[PDB]
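S.K.: Shown below is the structure under consideration.
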Amino acid sequence: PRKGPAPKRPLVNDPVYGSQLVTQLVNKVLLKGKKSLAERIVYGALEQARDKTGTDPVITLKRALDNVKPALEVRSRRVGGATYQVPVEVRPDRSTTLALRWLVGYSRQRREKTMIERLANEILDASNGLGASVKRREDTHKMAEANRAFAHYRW
Amino acid sequence: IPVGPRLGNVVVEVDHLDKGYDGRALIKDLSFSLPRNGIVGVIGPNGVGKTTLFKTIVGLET
Amino acid sequence: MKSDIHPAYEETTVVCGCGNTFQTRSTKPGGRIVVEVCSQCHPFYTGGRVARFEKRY
Amino acid sequence: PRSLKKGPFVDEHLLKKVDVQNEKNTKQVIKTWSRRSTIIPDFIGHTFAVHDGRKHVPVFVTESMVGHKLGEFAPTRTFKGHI
Amino acid sequence: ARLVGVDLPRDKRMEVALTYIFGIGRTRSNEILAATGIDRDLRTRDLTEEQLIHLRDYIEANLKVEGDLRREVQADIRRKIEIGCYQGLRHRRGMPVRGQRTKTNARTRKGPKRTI
RNA sequence: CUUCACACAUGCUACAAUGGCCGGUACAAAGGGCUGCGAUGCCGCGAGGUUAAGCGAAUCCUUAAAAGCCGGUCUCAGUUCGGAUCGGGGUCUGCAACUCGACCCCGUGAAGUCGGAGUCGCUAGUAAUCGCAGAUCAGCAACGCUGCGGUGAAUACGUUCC
Ligand SMILES: Nc1ncnc2c1ncn2[C@@H]1O[C@H](COP(=O)(O)OP(=O)(O)O)[C@@H](O)[C@H]1O
Ligand SMILES: [Mg+2]
Ligand SMILES: [Mg+2]
Ligand SMILES: [Mg+2]
Ligand SMILES: [Mg+2]
Ligand SMILES: [Mg+2]
Ligand SMILES: [Mg+2]
Ligand SMILES: [Mg+2]
Ligand SMILES: [Mg+2]
Ligand SMILES: [Mg+2]
Ligand SMILES: [Mg+2]
Ligand SMILES: [Zn+2]
C-alpha cells in the first residue's frame with residue numbers, strides 16, 4: 001500500500017472451459033475453503049445455461065459480464081461540513097471484479113431452491129439485460145452522472 | 001392497511017400456467033415466482049385476463 | 001318448518017374394525033360411517049416409591 | 001451407588017445407629033453429619049438432623065424420600081430475595 | 001390419517017410422521033416401522049386401513065404415549081415439590097434443577113430479560 | 001468459592017439447501033504411554049464390561065483423521081433446521097458425585113429466520129472453515145490455552161480523511 005504497488009497473483013485456466021473468466025468465477029462463489037463445491041456449482045450453472053439457450057456457455061458469460069461491467073463509479077470524500085461523492089474513471093481490471101461479484105452477490109438472494117440454477121437464472125437474465133445485476137450498473141452510473149459537478153477532486 | 005403475520009420464503013408460485021376459455025385461450029406458458037417485500041404491478045390492455053389471474057390465485061376458478 | 005331446511009337424514013349401517021356392527025340413522029351420505037373403536041371393544045364389563053430398590057438399587 | 005455394580009453406599013456410622021433402634025421399636029432423633037448417605041427403607045420410621053453449616057436441620061423420612069440422599073433436604077444456601 | 005387421536009399429517013414419510021406422537025422420536029419410530037413391516041419410505045396419503053391397525057397395537061402394548069405420558073411427567077414433578085427436596089424447592093421458583101450456572105445465563109427456566 | 005431482580009466482557013453452537021439425515025469410500029501431521037496404553041476375541045442399542053497378545057516403544061498400542069468424493073432422501077416449513085430445558089433408566093473414576101463431575105441411551109422439543117448506535121481481526125499457505133494431539137489430571141465444567149496439519153480465497157487505486 002503506502003510504499004508501492006503490491007504484486008499480483010496469476011491464474012490457471014479451467015480444464016472444462018478454457019477461459020480465465022471461469023476460474024475467476026468459481027473463485028468468488030467459494031466460501032469456507034470448499035473449492036470443489038464451488039466448481040460443482042459454476043459447472044452446473046454453465047451446463048444448465050445451455051439446456052435452455054443451446055449456445056455456448058462461455059459466450060453467454062462473456063456478454064452477461066459485459067452488461068454488468070461499469071466504467072464510472074463514485075467514491076466518497078469530505079471537504080467541509082458536507083461530504084460529497086466524486087465520480088472517478090474505473091481501470092479495466094477493477095471492472096471485471098465488480099461485475100463478477102454483482103453476479104454472485106445477487107444470486108444468493110433469489111427465490112429458487114438451489115444455487116445450481118440461481119446462478120443460472122442470473123447469467124441468463126444479464127445476458128439479455130434483465131436481472132438485478134444489470135440494475136446496479138445503471139444505478140452505479142446514475143448516481144455518478146447526477147454528481148458530475150464534483151469531477152475535479154481526483155485526489 | 002393492517003399488518004398481518006410473518007411471510008415465509010415463498011409467497012405464491014406459478015409454473016407454466018395455461019388458462020383461457022372455449023377457443024379464447026388467454027394464458028399460455030407463463031412462469032413466475034411472486035416476490036417478498038415488493039409491489040407487483042399488472043400491466044395490460046382491457047380484455048386480456050388480469051382479473052381472472054386473481055381468480056386462480058384466490059381460488060375461485062381452477 | 002319440519003320441511004326442507006333440515007339436513008338429509010336416512011338410515012345408516014355402521015361397521016367397526018372389531019366386526020360388531022349395528023344399524024342406526026344418521027346424516028352420513030351413503031350409509032358409510034366407519035369407526036375404528038366401539039363401545040363393545042372395551043370394559044365397563046370387568047375392568048420414587050418403595051418399589052425402587054427391588055432391582056437391588 | 002451411582003453405578004449399580006458396587007451397590008448403594010451408605011456411611012457405616014449411621015447404619016449402626018439405625019439398626020440398634022429398629023430392632024426394639026425405638027424412634028429417637030439422630031444427630032448426624034452424613035449428607036452423602038442414601039435412604040434405605042430400613043429407617044422409614046424415624047427422623048434425622050442433617051448438617052448444613054449453621055445447624056442441624058431436622059428431616060422426617062416419611063415414605064417416598066427413598067432413593068434420594070439425606071443432603072437433598074438441607075438447602076445450605078438461604079436467599080430469601082433481592083428485595 | 002389418525003393413529004391414536006394425534007392427527008398424522010399428509011404428504012410426509014412415516015419415518016418422520018410417527019414422531020409427532022408425544023412419545024416417539026427418531027429411534028422408537030424406527031422400531032415401530034420394523035416390527036409391523038411398514039417400510040421407511042411410505043407416505044401418509046396412501047396408508048392402508050388395516051396397516052394402521054397393526055401400527056396401533058404394537059404401541060399400545062409396549063410403549064407409553066400421551067394422555068398419561070403427560071401425566072407421567074407432571075406427576076413426577078408433583079412428587080418432588082411436596083417431599084421437600086431441594087430439587088423440588090427448585091421447581092417452585094423457575095430455576096435450573098441440575099446445578100447450572102445461574103449468574104449470567106439461565107434464561108430458559110426464567111424468561112427473557114427485564115432490567116430492573 | 002458454583003448462590004442471582006440484573007449490567008459488561010471473551011468464546012462455542014446456531015438460525016439452514018454452498019445445508020440436515022442416511023449407506024459407500026479415499027488422503028494427514030505433530031504427539032503421549034509401566035500408578036500405564038487394551039490389539040484381538042466374546043457380550044452390551046450405547047457409554048462401557050471382560051479376557052489377555054504385543055510393547056519403556058521409528059517395533060507395539062494410542063489410530064478410524066474430519067471436512068472432501070459417489071450415490072439416495074427431505075423441497076423452503078420454527079421444519080428431517082435448532083438442541084436449550086426437563087422427566088426416565090444406566091455406565092466410569094473415587095472413601096464419597098446431594099448441594100457440585102463427564103459420558104451414554106429413551107421421550108420432550110425452548111429462544112432463534114443473519115442481529116440497533118457503535119465496534120474487531122486479517123496482505124498468503126493469510127483470513128475463512130475442518131478435525132487430531134499435548135500440558136495440568138483419579139475423573140472432569142477442555143467450547144479455554146499451547147501446538148499441529150487438511151481444504152484454501154477475494155483486494156491493495158492511493159495518503160485527502162480517522
Ligand atoms: N364468466 C366468464 N366466462 C367466460 N369468459 C369470461 C368470463 N369472464 C371474463 N371472461 C373473459 O375474460 C377476458 C378478459 O378477462 P378480464 O377479467 O376482462 O380481464 P381484465 O379484467 O384485464 O379486463 C375477456 O375476453 C372475457 O371474454
Ligand atoms: Mg378487470
Ligand atoms: Mg471461580
Ligand atoms: Mg430459511
Ligand atoms: Mg438435528
Ligand atoms: Mg457419512
Ligand atoms: Mg456388536
Ligand atoms: Mg451429496
Ligand atoms: Mg420466533
Ligand atoms: Mg504486515
Ligand atoms: Mg485430562
Ligand atoms: Zn370396536
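Ligands are numbered from 1 in the order shown, chains are lettered A, B, ... in the order of the C-alpha cells, and residues start at 1 in each chain.
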Do a neighbour search on stretch 14-29 of chain E at 6 Å with only C-alpha atoms (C1' of nucleotides), toss out local chain neighbours closer than 4 positions, and write the hits as a PyMOL selection string.
M.R.: (chain E and resi 40+42+65-66) or (chain F and resi 107)
S.K.: Could you write out the selected residues, including C-alpha atoms (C1' of nucleotides), as a PDB file, in the first residue's frame?
M.R.:
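The file below, selection-v7.pdb, is the result:
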```pdb
ATOM      1  CA  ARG E  40     -39.315 -46.222   5.827  1.00  0.00           C
ATOM      2  CA  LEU E  42     -44.285 -44.944   2.861  1.00  0.00           C
ATOM      3  CA  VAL E  65     -47.791 -42.387  24.692  1.00  0.00           C
ATOM      4  CA  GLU E  66     -49.661 -39.290  25.780  1.00  0.00           C
TER       5      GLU E  66
ATOM      6  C1'   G F 107     -39.052 -39.383  25.394  1.00  0.00           C
TER       7        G F 107
END
```
S.K.: Please give me, as JSON, numbers by chain, the residues lying within 12 Å of ligand 8 when counting only C-alpha atoms (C1' of nucleotides) and all ligand atoms.
M.R.: {"A": [37, 40], "F": [17, 18, 19, 20, 21, 22, 23, 24, 68, 69, 70, 71, 72, 73]}
S.K.: Considering only C-alpha atoms (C1' of nucleotides), return as a PyMOL selection string whatever protein or nucleic-acid residues lie within 9 Å of residue E:38, sequence-local ones (same chain, fewer than 4 positions apart) excluded.
M.R.: chain E and resi 14+32-34+42+51+55
S.K.: Taking the DSSP assignment computed from this structure's backbone, write out as a ChimeraX atom specification all residues of stretch 52-152 of chain A that belong to helix (DSSP H, G or I).
M.R.: /A:57-65,92-107,115-118,120-126,132-145,148-150
S.K.: Write out as a list in words the residues lying within 7 Å of residue D:30, counting only C-alpha atoms (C1' of nucleotides) and excluding same-chain residues fewer than 4 positions away.
M.R.: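 Using only C-alpha atoms (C1' of nucleotides), the neighbours found are residues 47, 48 and 49 of chain D.
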S.K.: Would you write out those residues with C-alpha atoms, as a short mmCIF file (atom, residue, chain, number, x, y, z; two decimals), in the first residue's frame?
M.R.:
```cif
data_model
loop_
_atom_site.label_atom_id
_atom_site.label_comp_id
_atom_site.auth_asym_id
_atom_site.auth_seq_id
_atom_site.Cartn_x
_atom_site.Cartn_y
_atom_site.Cartn_z
CA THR D 47 -36.24 -38.73 61.94
CA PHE D 48 -32.84 -37.15 61.38
CA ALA D 49 -30.89 -33.94 61.90
#
```
S.K.: When you draw a straight line from atom CA of residue B:12 to atom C1' of residue F:111, how long is it in Å?
M.R.: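 Here the two named atoms are 29.1 Å from each other.
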S.K.: Where does chain F meet ligand 7 within 12 Å, residue by residue, with the nearest atom pair and distance in Å to one decimal for each, counting only C-alpha atoms (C1' of nucleotides) and all ligand atoms, listed by chain and rising number, as JSON lines?
M.R.:
```
{"residue": "F:42", "atom": "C1'", "partner": "ligand 7", "partner_atom_place_in_ligand_line": "1 (Mg)", "distance": 10.3}
{"residue": "F:43", "atom": "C1'", "partner": "ligand 7", "partner_atom_place_in_ligand_line": "1 (Mg)", "distance": 8.6}
{"residue": "F:44", "atom": "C1'", "partner": "ligand 7", "partner_atom_place_in_ligand_line": "1 (Mg)", "distance": 7.9}
{"residue": "F:45", "atom": "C1'", "partner": "ligand 7", "partner_atom_place_in_ligand_line": "1 (Mg)", "distance": 9.1}
{"residue": "F:46", "atom": "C1'", "partner": "ligand 7", "partner_atom_place_in_ligand_line": "1 (Mg)", "distance": 10.5}
```
S.K.: Write the residues you've just listed into a file as a PDB file, in the first residue's frame, and include C-alpha atoms (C1' of nucleotides) for each of them.
M.R.:
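Below you can see out-v7.pdb, which holds the result:
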```
ATOM      1  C1'   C F  42     -16.710 -62.846  23.344  1.00  0.00           C
ATOM      2  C1'   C F  43     -21.103 -59.794  25.469  1.00  0.00           C
ATOM      3  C1'   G F  44     -23.856 -54.899  25.601  1.00  0.00           C
ATOM      4  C1'   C F  45     -28.591 -50.429  21.187  1.00  0.00           C
ATOM      5  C1'   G F  46     -24.711 -47.265  23.753  1.00  0.00           C
TER       6        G F  46
END
```
S.K.: Quick one: which residues from chain E are at most 10 Å off chain D, using only C-alpha atoms, as JSON, numbers by chain?
M.R.: {"E": [79, 80, 83, 84, 85, 86, 87, 88, 89]}
S.K.: Throw together the list of residues within 8 Å of ligand 5, counting only C-alpha atoms (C1' of nucleotides) and all ligand atoms, and drop it here as an NGL selection string.
M.R.: :F and (20 or 80-83)
S.K.: Any chance you could export the current selection's C-alpha atoms (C1' of nucleotides) as a PDB file, in the first residue's frame?
M.R.:
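Produced file result_24.pdb, reproduced below:
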```pdb
ATOM      1  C1'   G F  20     -29.849 -31.841   7.764  1.00  0.00           C
ATOM      2  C1'   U F  80     -36.000 -34.361   8.922  1.00  0.00           C
ATOM      3  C1'   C F  81     -33.320 -26.664  10.647  1.00  0.00           C
ATOM      4  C1'   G F  82     -32.105 -25.821  16.015  1.00  0.00           C
ATOM      5  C1'   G F  83     -30.531 -28.980  20.790  1.00  0.00           C
TER       6        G F  83
END
```
S.K.: Each residue of chain F with at least one atom at most 12 Å from chain C should appear once, together with its nearest atom pair and the corresponding distance in Å (one decimal); atoms considered: only C-alpha atoms (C1' of nucleotides); ordering: chain, then increasing residue number; output as a Markdown table.
M.R.:
```
| residue | atom | partner | partner_atom | distance |
| --- | --- | --- | --- | --- |
| F:88 | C1' | C:48 | CA | 11.2 |
| F:89 | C1' | C:57 | CA | 11.7 |
| F:90 | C1' | C:57 | CA | 11.5 |
```
S.K.: Excluding residue A:5 and residues on its chain fewer than 3 positions from it, collect all residues at most 12 Å away from it, counting only C-alpha atoms (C1' of nucleotides), and give them as a list in words.
M.R.: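 The residues satisfying every condition are residues 1, 2 and 8 of chain A; 123, 156, 157 and 158 of chain F.
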S.K.: Grab me every residue within 8 Å of ligand 1, counting only C-alpha atoms (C1' of nucleotides) and all ligand atoms, and send it over as a ChimeraX atom specification.
M.R.: /B:20-22,24,26,44-53
S.K.: Applying 12 Å and only C-alpha atoms (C1' of nucleotides), which residues near residue E:113 remain after dropping the ones on its own chain fewer than 5 positions away? List them as a ChimeraX atom specification.
M.R.: /E:104-108 /F:5-7
S.K.: For a quick test of understanding: name the residues of chain D lying within 8 Å of chain C when counting only C-alpha atoms, and present them as a list in words.
M.R.: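 So the residues of chain D near chain C are residues 1, 4, 7, 8, 41, 63, 64, 65, 66 and 67 of chain D.
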S.K.: What would the file look like if the residues just selected were written as a compact mmCIF listing (two decimals), in the first residue's frame with N, CA and C atoms?
M.R.:
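Below is the file selection-v7.txt, written as the result:
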```
# COMPACT_ATOMS: atom_id res chain seq x y z
N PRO D 1 -22.60 -46.71 43.86
CA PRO D 1 -24.02 -46.41 44.09
C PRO D 1 -24.61 -45.54 43.00
N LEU D 4 -24.61 -49.35 39.50
CA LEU D 4 -25.35 -50.41 40.17
C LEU D 4 -24.49 -51.61 40.53
N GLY D 7 -23.32 -51.35 44.51
CA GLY D 7 -24.39 -51.26 45.47
C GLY D 7 -24.54 -49.90 46.13
N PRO D 8 -25.67 -49.68 46.80
CA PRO D 8 -25.94 -48.36 47.38
C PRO D 8 -25.10 -48.03 48.60
N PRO D 41 -34.83 -48.15 52.92
CA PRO D 41 -36.11 -48.25 53.62
C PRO D 41 -36.03 -48.89 55.00
N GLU D 63 -42.18 -41.62 53.48
CA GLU D 63 -42.39 -42.88 52.78
C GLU D 63 -41.71 -42.90 51.42
N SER D 64 -41.48 -41.72 50.86
CA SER D 64 -41.09 -41.61 49.46
C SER D 64 -39.83 -40.78 49.29
N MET D 65 -39.09 -40.57 50.38
CA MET D 65 -37.76 -39.99 50.28
C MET D 65 -36.72 -40.98 49.80
N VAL D 66 -37.09 -42.25 49.65
CA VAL D 66 -36.11 -43.31 49.44
C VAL D 66 -35.55 -43.23 48.03
N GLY D 67 -34.26 -43.53 47.90
CA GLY D 67 -33.56 -43.36 46.65
C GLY D 67 -32.73 -42.10 46.68
```
S.K.: What parts of chain B does DSSP call strand (DSSP E)? I'd like the answer as a PDB file with C-alpha atoms, in the first residue's frame.
M.R.:
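Everything below was put into part04.pdb:
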```
ATOM      1  CA  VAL B  12     -47.103 -17.759  -4.324  1.00  0.00           C
ATOM      2  CA  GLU B  13     -45.546 -19.523  -7.304  1.00  0.00           C
ATOM      3  CA  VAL B  14     -46.984 -20.241 -10.742  1.00  0.00           C
ATOM      4  CA  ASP B  15     -45.205 -22.573 -13.162  1.00  0.00           C
ATOM      5  CA  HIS B  16     -46.119 -22.974 -16.887  1.00  0.00           C
ATOM      6  CA  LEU B  17     -49.772 -21.980 -16.480  1.00  0.00           C
ATOM      7  CA  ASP B  18     -52.386 -22.429 -19.202  1.00  0.00           C
ATOM      8  CA  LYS B  19     -55.835 -20.894 -18.868  1.00  0.00           C
ATOM      9  CA  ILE B  27     -52.755 -17.520 -20.784  1.00  0.00           C
ATOM     10  CA  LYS B  28     -50.086 -19.781 -22.335  1.00  0.00           C
ATOM     11  CA  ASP B  29     -46.662 -20.726 -20.918  1.00  0.00           C
ATOM     12  CA  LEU B  30     -46.284 -18.319 -18.004  1.00  0.00           C
ATOM     13  CA  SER B  31     -43.893 -18.982 -15.126  1.00  0.00           C
ATOM     14  CA  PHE B  32     -43.026 -16.610 -12.296  1.00  0.00           C
ATOM     15  CA  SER B  33     -42.387 -16.588  -8.560  1.00  0.00           C
ATOM     16  CA  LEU B  34     -44.076 -13.753  -6.719  1.00  0.00           C
TER      17      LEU B  34
END
```
S.K.: Which neighbours of residue F:131 fall inside 8 Å, counting only C-alpha atoms (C1' of nucleotides), when residues of the same chain fewer than 3 positions from it are skipped, and could you give them as an MDAnalysis selection string?
M.R.: chainID F and resid 65:67
S.K.: Kindly provide, as a PDB file with N, CA and C atoms, in the first residue's frame, all nucleotide and amino acid residues lying within 8 Å of ligand 12, counting only C-alpha atoms (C1' of nucleotides) and all ligand atoms.
M.R.:
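Below is the file part-v9.pdb, written as the result:
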```pdb
ATOM      1  N   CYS C  16     -67.467 -51.375  12.474  1.00  0.00           N
ATOM      2  CA  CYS C  16     -66.239 -51.108  13.201  1.00  0.00           C
ATOM      3  C   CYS C  16     -65.189 -52.125  12.780  1.00  0.00           C
ATOM      4  N   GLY C  17     -63.942 -51.869  13.176  1.00  0.00           N
ATOM      5  CA  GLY C  17     -62.886 -52.830  12.916  1.00  0.00           C
ATOM      6  C   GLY C  17     -62.984 -54.083  13.758  1.00  0.00           C
ATOM      7  N   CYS C  18     -63.690 -54.013  14.890  1.00  0.00           N
ATOM      8  CA  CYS C  18     -63.900 -55.178  15.740  1.00  0.00           C
ATOM      9  C   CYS C  18     -64.846 -56.183  15.103  1.00  0.00           C
ATOM     10  N   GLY C  19     -65.656 -55.752  14.144  1.00  0.00           N
ATOM     11  CA  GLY C  19     -66.606 -56.608  13.483  1.00  0.00           C
ATOM     12  C   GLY C  19     -68.017 -56.473  14.003  1.00  0.00           C
ATOM     13  N   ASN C  20     -68.181 -55.940  15.208  1.00  0.00           N
ATOM     14  CA  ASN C  20     -69.504 -55.678  15.748  1.00  0.00           C
ATOM     15  C   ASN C  20     -70.130 -54.515  14.993  1.00  0.00           C
ATOM     16  N   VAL C  35     -65.936 -46.512  11.793  1.00  0.00           N
ATOM     17  CA  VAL C  35     -65.246 -46.237  13.041  1.00  0.00           C
ATOM     18  C   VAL C  35     -64.152 -47.274  13.229  1.00  0.00           C
ATOM     19  N   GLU C  36     -63.178 -46.926  14.062  1.00  0.00           N
ATOM     20  CA  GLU C  36     -62.088 -47.827  14.397  1.00  0.00           C
ATOM     21  C   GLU C  36     -62.136 -48.291  15.842  1.00  0.00           C
ATOM     22  N   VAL C  37     -63.159 -47.901  16.593  1.00  0.00           N
ATOM     23  CA  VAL C  37     -63.278 -48.237  18.004  1.00  0.00           C
ATOM     24  C   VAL C  37     -64.753 -48.115  18.368  1.00  0.00           C
ATOM     25  N   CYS C  38     -65.225 -49.000  19.247  1.00  0.00           N
ATOM     26  CA  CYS C  38     -66.643 -49.027  19.588  1.00  0.00           C
ATOM     27  C   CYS C  38     -66.859 -49.098  21.093  1.00  0.00           C
ATOM     28  N   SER C  39     -68.095 -49.333  21.514  1.00  0.00           N
ATOM     29  CA  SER C  39     -68.426 -49.448  22.923  1.00  0.00           C
ATOM     30  C   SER C  39     -68.491 -50.884  23.393  1.00  0.00           C
ATOM     31  N   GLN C  40     -68.152 -51.844  22.537  1.00  0.00           N
ATOM     32  CA  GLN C  40     -68.063 -53.233  22.964  1.00  0.00           C
ATOM     33  C   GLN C  40     -66.688 -53.821  22.697  1.00  0.00           C
ATOM     34  N   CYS C  41     -65.708 -52.977  22.416  1.00  0.00           N
ATOM     35  CA  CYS C  41     -64.314 -53.387  22.348  1.00  0.00           C
ATOM     36  C   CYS C  41     -63.563 -52.903  23.582  1.00  0.00           C
ATOM     37  N   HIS C  42     -64.236 -52.919  24.728  1.00  0.00           N
ATOM     38  CA  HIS C  42     -63.727 -52.265  25.925  1.00  0.00           C
ATOM     39  C   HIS C  42     -64.491 -52.799  27.131  1.00  0.00           C
TER      40      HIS C  42
END
```
S.K.: For ligand 3, return the neighbouring residues as a ChimeraX atom specification (distance at most 12 Å; only C-alpha atoms (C1' of nucleotides) and all ligand atoms).
M.R.: /E:101,103 /F:1-2,141
